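Asks:
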Amino acid sequence: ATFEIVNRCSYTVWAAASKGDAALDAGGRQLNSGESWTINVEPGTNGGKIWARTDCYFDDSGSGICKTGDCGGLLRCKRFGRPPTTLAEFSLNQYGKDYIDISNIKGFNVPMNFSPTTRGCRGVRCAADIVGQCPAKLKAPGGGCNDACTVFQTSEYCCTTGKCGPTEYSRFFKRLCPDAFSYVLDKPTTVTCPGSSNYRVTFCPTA
Ligand code: NA
């Protein structure tokens with residue numbers, strides 16, 4: 004599948020793409036405002052994620068730090084990033100279908116639209132000012148709005164026992180972005196698309 008990753012934000016982001024134990028395509032790239040990066044993701048990929056990183060510094064070997072979304076200090080991410088990160092999530096060619104969603108389970112840093120560029124299903128978006136409205140206890144100094152599991156490490160927020168309900172903190176993310184997952188057991192906002200669809204991820208879609 005092809006994913007076009009577009010930075011419509013007025014600031015530079017460092018896109019990242021991983022399936023947790025490996026990079027997708029090159030795994031990461033700087034996107035200045037307006038830039039687009041096209042990657043190719045192997046069919047059948049399960050559990051892929053794309054996210055933005057902010058305020059990064061890399062040396063000539065691709066090593067450094069980012070204030071949000073850092074993936075072990077690498078420009079080309081092999082691993083998932085440190086919260087807070089708005090996440091585009093996807094599993095491709097799963098019994099004939101692709102499954103996409105946006106998640107706030109690991110917090111929010113940059114607004115996002117995740118839409119097919121081929122026929123057959125709708126896109127999803129989380130474009131509210133979550134960072135501006137973020138509850139005080141969830142604000143991340145580097146930027147961004149952490150999820151409650153990251154901040155408080157309780158069984159209820161992290162849904163460790165497989166039972167857990169919505170919380171004051173999950174409801175905040177859900178109020179502002181009802182089409183994104185707000186906690187692990189949220190009612191699914193996954194979209195089913197035809198297998199082998201192509202997609203566009205746009206950071207700051209309403210910019
Ligand atoms: Na998230």
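When we follow my numbering, the leftmost residue of the sequence shown carries the number 4, and every step to the right adds one. Backbone N, C-alpha and C fix where the C-beta goes; we use that ideal spot for every residue, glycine too.
Kindly list the residues whose CB is nearer than 8 Å to the CB of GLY50, restricted to its own chain and excluding five residues on each side of it in sequence; keep chain order.
Replies: Once the five neighbours on either side are set aside, the close Cβ partners of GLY50 are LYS22, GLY23, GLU92 and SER94.
Asks: Take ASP73 and list the residues in its own chain whose beta-carbon comes closer than 7 Å to its own, dropping the five residues that flank it on each side.
Replies: Excluding residues within five positions, the ones whose Cβ falls inside 7 Å are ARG56, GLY84 and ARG85.
Asks: By DSSP's criteria, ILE42 is part of a beta bridge. Which residues make up the other side?
Replies: Beta-bridge pairing links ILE42 to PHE6.
Asks: From the DSSP output, which residues share a beta bridge with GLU159?
Replies: BP columns for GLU159 are empty, so no partner.
Asks: In or out: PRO197 buried (at least 16 other Cβ within 10 Å) or exposed?
Replies: Exposed, since its Cβ has fewer than 16 Cβ neighbours within 10 Å.
Asks: Please state the DSSP three-state secondary structure of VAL134.
Replies: Helix at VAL134.
Asks: Looking at C-alpha atoms only, which residue of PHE6, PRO87 and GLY30 is the closest neighbour of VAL154?
Replies: Closest by alpha carbon: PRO87.
Asks: For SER158, count neighbouring C-beta atoms within 10 Å of its own C-beta (all shown protein chains included) and say buried if the count is 16 or more, exposed if not.
Replies: The residue is exposed, with fewer than 16 neighbouring Cβ atoms inside 10 Å.
Asks: If we require 3 or more residues per run, which beta strand (DSSP E) segments fall completely within the segment 26-105?
Replies: Entirely contained in the segment 26-105, the beta strand (DSSP E) runs reaching 3 residues are, in chain order, 26-34, 39-43, 51-61, 67-71 and 90-97.
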